[PDB]
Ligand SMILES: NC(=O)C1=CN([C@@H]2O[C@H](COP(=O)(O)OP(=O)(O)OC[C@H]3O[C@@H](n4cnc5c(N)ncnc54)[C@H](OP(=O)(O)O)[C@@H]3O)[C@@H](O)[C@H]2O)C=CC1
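For reference, the chain that follows is the form solved without the named molecule, supplied as structure tokens.
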């Protein structure tokens, strides 16, 4: 009954909330491993003491002089912890490229993979899928957790559409003329060394929803032309599934990541008390409006990248990362982010091949960065 859980990226927001859910539920879960990057060593050490878990990894080569009591340390240390720790669930909340090999290791162990790491699916694609058994991957992000829940409303052949909700970002309702000369700071993105301003920027450009559509297709096996996005400013409905009879099943809750976290850890069994439920003691309004696709082409661009297939979704994300960073540095304008992604994709015919190995993914990403860097330099 007690599930053995490895928490990768234990020091970030998702990691710390999962440990909190586990801490509140020692009857359901037992932490058996922790991993984090060398920059976060001090927090990891505090976590070792608090949990009593000695099976810990420093996920990279950093903090090299401060390692000497850490059982795994070095570039692929998180992957080694996963390969070597008996577990029922691996929560992968590592950020970026660090998350991919641990994902593949996790799947090869036969454990459930509670996946928070976006690169795993977006860059890894079928490399990751080929390693998974049906139902082995359970998503942690709000939208995908909602979808996994709503898909219980019928059989796979009864599914008509998957409908992701989107907040709309800071620029919901704005015209293309209005967005021509917006600044990073106006996007809510105040550039910092963390992923925060980049996540915020992705929300503003709708690239994040583009990424989520890609993940939706890979997770649930639904064609891109049946994955819709609806703007829903309140973010109470986290996503929905429309079935062949006209019925839509939606999942709703006040925003709290502990709900989808708990469900991913405990799948298929729900975790009593993870989050507060919707309260109807107060009058409220849930609004829905179409996405302005002419103004926010990032989502359709993701569909194009996804339809092309293979390493094309890795290209999409790597191109975004470069174009986005350039916008953060004041080197390009806002509309050029998605303009550059499209330019890079148009030049990327060699990268539609399905990845045979991790190196294929890494090669596609390196090529995409170079291409984006050239595109940036030319304006």
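Rigid core (definition): largest C-alpha set, two forms, superposition within 1.5 Å. Numbering follows the first chain given and starts at 1.
One more form of this protein should be noted, the form deposited with the named molecule bound, which is absent from this view; the next part is about it.
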(message) Can you work out whether residue 262 and the named molecule are in contact in the entry with it bound, taking contact to mean some heavy atom pair no more than 4.5 Å apart?
(response) no
(message) Since only the chain is shown here, I'm wondering whether residue 250 would be in contact with the named molecule in the entry with it bound (any heavy atom pair within 4.5 Å).
(response) no
(request) Verify the contact flag for residue 355: yes if a non-hydrogen atom of it lies within 4.5 Å of a non-hydrogen atom of the named molecule in the entry with it bound, no if not. (result) no
(message) Can you tell me whether residue 162 touches the named molecule? I mean in the entry with it bound, with a 4.5 angstroms heavy atom cut-off.
(response) no
(message) When the named molecule is placed as it is in the entry with it bound, are 38, 59 and 93 each within 4.5 Å of it, taking any non-hydrogen atom of the residue?
(response) yes
(message) Under a 4.5 angstroms heavy atom criterion, identify the one residue in 217, 73, 80, 118 near the named molecule in the entry with it bound.
(response) 118
(message) I need the one stretch from 192-200, 303-311, 103-111, 124-132 whose residues put non-hydrogen atoms within 4.5 angstroms of the named molecule in the entry with it bound.
(response) 192-200
(message) Pick out the residues of 7-38 whose heavy atoms come within 4.5 Å of the named molecule in the entry with it bound.
(response) 9, 10, 11, 12, 13, 14, 36, 37, 38
(request) Of 269, 181, 108, 130, only one moves its C-alpha by 2 angstroms or more between the shown form and the other one once the rigid core is aligned, so tell me which. (result) 181
(request) Please check if residue 64 moves between the shown form and the other one, taking a CA shift of 2 Å or more relative to the superposed core as movement. (result) yes
(message) What direction does the residue 104-residue 60 Cα distance move in the entry with it bound compared with the shown chain, closer or farther, given a change of 3 Å or more?
(response) farther
(request) Compare the CA separation of residue 64 and residue 87 in the entry with it bound with the one in the displayed structure, and answer closer or farther (the difference is at least 3 Å). (result) closer
